[PDB]
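Novice: The structure under discussion is supplied below as structure tokens; questions concerning it will follow.
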Amino acid sequence: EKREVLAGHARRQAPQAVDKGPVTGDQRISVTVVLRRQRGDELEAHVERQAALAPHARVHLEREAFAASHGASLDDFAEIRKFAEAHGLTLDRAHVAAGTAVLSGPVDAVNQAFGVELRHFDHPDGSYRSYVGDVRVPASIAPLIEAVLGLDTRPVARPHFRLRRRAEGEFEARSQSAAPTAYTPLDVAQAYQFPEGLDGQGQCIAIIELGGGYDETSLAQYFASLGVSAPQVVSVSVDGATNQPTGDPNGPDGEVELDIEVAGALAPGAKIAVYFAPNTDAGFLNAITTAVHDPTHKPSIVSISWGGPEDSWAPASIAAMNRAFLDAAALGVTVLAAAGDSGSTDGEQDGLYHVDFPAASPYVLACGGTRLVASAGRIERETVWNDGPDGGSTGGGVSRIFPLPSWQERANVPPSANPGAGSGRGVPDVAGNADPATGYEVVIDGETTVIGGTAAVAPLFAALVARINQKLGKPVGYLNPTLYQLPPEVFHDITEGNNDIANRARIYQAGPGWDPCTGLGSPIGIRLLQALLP
Ligand SMILES: [Ca+2]
């Protein structure tokens with residue numbers, strides 16, 4: 001019958017990608033379809049509505065009631081199964097609350113079902129399969145499908161951490177005022193006045209990982225060296241991915257282990273659930289929906305240190321991710337994400353500034369990066385993290401996908417620096433120490449070293465939220481609107497520096513109040529808690 005284009009799936013060949021022929025032989029391949037769901041408008045409105053309410057008197061939805069009220073319908077899954085069967089695909093697994101389904105079949109079947117021709121591509125960052133053109137499905141099913149992910153398997157995200165390269169002191173003079181010292185997460189938390197007497201007991205922090213793994217020896221050695229009891233850590237497999245260390249310190253293991261060590265050191269009473277998934281748009285989405293809707297571990301917080309330029313994703317994939325973050329906000333789950341570690345250009349050399357996703361989502365607490373100089377438990381100096389082209393810098397900027405939220409509009413978010421300007425959601429929301437030169441001591445694959453990157457800030461603040469949730473007795477959930485309504489005295493304002501590592505324009509620059517390098521600044525823990533208490 002007639003076919004219909006599914007919006008947001010158009011793709012031209014990627015820059016630097018080389019076509020290596022059609023995918024054939026017909027091995028079995030899997031994709032994730034995102035279905036329409038019941039009462040989608042009400043869901044968005046409910047969250048957008050609760051904004052005018054302090055998170056300690058709001059009404060969030062419950063996981064057990066969510067599927068029936070806002071999940072995809074069984075009638076719709078039946079139609080998706082009919083569509084699958086009619087094209088040689090199988091509906092392998094349904095996720096009712098999240099409103100998604102995994103379908104698999106030989107390439108010819110996937111090609112036919114979605115109106116694409118999958119091709120092999122070689123690229124400097126890794127070979128993958130993808131399509132050039134658009135996705136078209138039978139008109140009869142088109143209304144039921146909002147997105148198809150996994151057709152393109154290019155690595156979708158980068159873990160936003162960096163290993164320290166320089167540790168040696170100044171020749172004929174060893175001083176301390178910005179380096180070459182390092183901190184434990186506890187030292188940083190003290191500088192940010194995290195509320196004490198709290199360890200996150202009763203909370204579960206979900207940590208999303210798109211590669212690598214952790215080993216118990218590195219973790220045990222780390223916590224023992226701090227003289228603290230280690231948190232309970234469990235691994236969760238998504239789409240067949242598992243806890244699989246590779247042994248490379250600059251590989252995904254570095255991210256996995258720093259995430260656990262930073263969050264665990266500060267909220268050792270929290271259960272840390274680590275969700276492993278493939279590094280593809282489908283894997284990333286499935287890791288987030290699995291954690292957000294997890295009936296077993298029931299996380300109250302999700303920490304993400306992986307991401308990619310918002311323009312490197314298919315629009316339909318970003319929309320599906322954003323919907324999963326809307327679910328988290330509706331369910332009272334806080335989602336934090338590193339804002340990027342490659343400055344205002346986010347690792348792209350096309351002559352444009354780019355912000356990183358998921359940080360760009362209005363439903364995510366975007367975490368920027370600073371260089372922190374602290375001593376005797378106090379902040380002596382805190383500036384924008386910018387160590388140049390090869391050293392990295394905090395992500396930050398103006399989204400070209402998401403409009404400026406009403407709750408963020410009074411902050412000093414500027415128009416985009418790109419040609420044409422234009423308003424958009426400002427990145428980041430808050431910031432914390434991320435400079436490897438004033439980094440965090442960690443144990444990665446058995447060795448003691450120092451790391452930085454905004455990848456450390458998401459777990460740092462995830463632990464802060466866990467402590468605050470413990471004190472409040474109930475989860476704070478979606479915090480963004482609240483943060484922008486709080487008095488400025490709740491934050492340590494960063495006013496000096498810029499996150500431009502591409503040119504001399506000082507792209508974006510810090511200043512009094514909100515800026516596109518550090519957002520509202522570093523939270524002052526005890527003040528934030530006090531402001532959230534009834
Ligand atoms: Ca500022």
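So you can find residues: chains in the structure tokens are A, B, ... in the order shown, residues in each start at 1, and ligands are numbered from 1 in order.
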Write out as a VMD selection string which residues come within 12 Å of residue A:460 when counting only C-alpha atoms, dropping same-chain ones fewer than 5 positions away.
Specialist: chain A and resid 184 to 190 192 194 205 207 258 to 267 302 to 305 336 to 338 367 to 369 430 to 434 440 452 to 455 465 to 467 522 to 523 525
Novice: Which stretch 314-338 of chain A residues have any atom within 6 Å of an atom of stretch 1-14 of chain A, and for each, what is the nearest pair of atoms with distance in Å to one decimal, counting only C-alpha atoms, rows sorted by chain and number, as a Markdown table?
Specialist:
```
| residue | atom | partner | partner_atom | distance |
| --- | --- | --- | --- | --- |
| A:314 | CA | A:9 | CA | 5.7 |
| A:315 | CA | A:8 | CA | 4.6 |
| A:316 | CA | A:8 | CA | 4.4 |
```
Novice: Using only C-alpha atoms and all ligand atoms, determine which residues fall within 9 Å of ligand 1, then list them as a list in words.
Specialist: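 Protein and nucleic-acid residues within 9 Å of ligand 1: residues 492, 493, 494, 495, 496, 509, 510, 511, 512, 513, 514, 515, 516, 517, 518, 519, 520 and 521 of chain A.
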Novice: Export C-alpha atoms of the chosen residues as a PDB file, in the first residue's frame?
Specialist:
```
ATOM      1  CA  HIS A 492      28.945  30.160  43.746  1.00  0.00           C
ATOM      2  CA  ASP A 493      29.038  32.304  40.634  1.00  0.00           C
ATOM      3  CA  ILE A 494      31.853  31.615  38.148  1.00  0.00           C
ATOM      4  CA  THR A 495      32.652  34.883  36.358  1.00  0.00           C
ATOM      5  CA  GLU A 496      36.031  34.396  34.690  1.00  0.00           C
ATOM      6  CA  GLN A 509      32.389  33.557  27.968  1.00  0.00           C
ATOM      7  CA  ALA A 510      31.556  33.483  31.692  1.00  0.00           C
ATOM      8  CA  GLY A 511      30.169  36.496  33.540  1.00  0.00           C
ATOM      9  CA  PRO A 512      27.990  37.595  36.496  1.00  0.00           C
ATOM     10  CA  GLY A 513      24.934  35.329  36.754  1.00  0.00           C
ATOM     11  CA  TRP A 514      24.142  32.611  34.246  1.00  0.00           C
ATOM     12  CA  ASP A 515      26.615  32.048  31.389  1.00  0.00           C
ATOM     13  CA  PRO A 516      27.067  29.427  28.620  1.00  0.00           C
ATOM     14  CA  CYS A 517      30.149  27.959  30.279  1.00  0.00           C
ATOM     15  CA  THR A 518      28.996  27.298  33.846  1.00  0.00           C
ATOM     16  CA  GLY A 519      25.297  28.112  34.029  1.00  0.00           C
ATOM     17  CA  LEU A 520      24.265  29.171  37.528  1.00  0.00           C
ATOM     18  CA  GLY A 521      27.676  28.235  38.889  1.00  0.00           C
TER      19      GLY A 521
END
```
Novice: Do you have the atom CA of residue A:490-atom CA of residue A:379 distance handy?
Specialist: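 These two atoms are separated by 14.5 Å.
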Novice: What lies within 6 Å of residue A:446 using only C-alpha atoms, ignoring chain neighbours under 2 positions off, as a list in words?
Specialist: residues 218, 443 and 444 of chain A
Novice: Take the selection from the previous step and output its residues with C-alpha atoms, as a PDB file, in the first residue's frame.
Specialist:
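Generated file (result29.pdb):
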```
ATOM      1  CA  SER A 218      39.854  -1.317  41.454  1.00  0.00           C
ATOM      2  CA  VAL A 443      41.717   4.018  40.426  1.00  0.00           C
ATOM      3  CA  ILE A 444      41.161   2.886  36.837  1.00  0.00           C
TER       4      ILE A 444
END
```
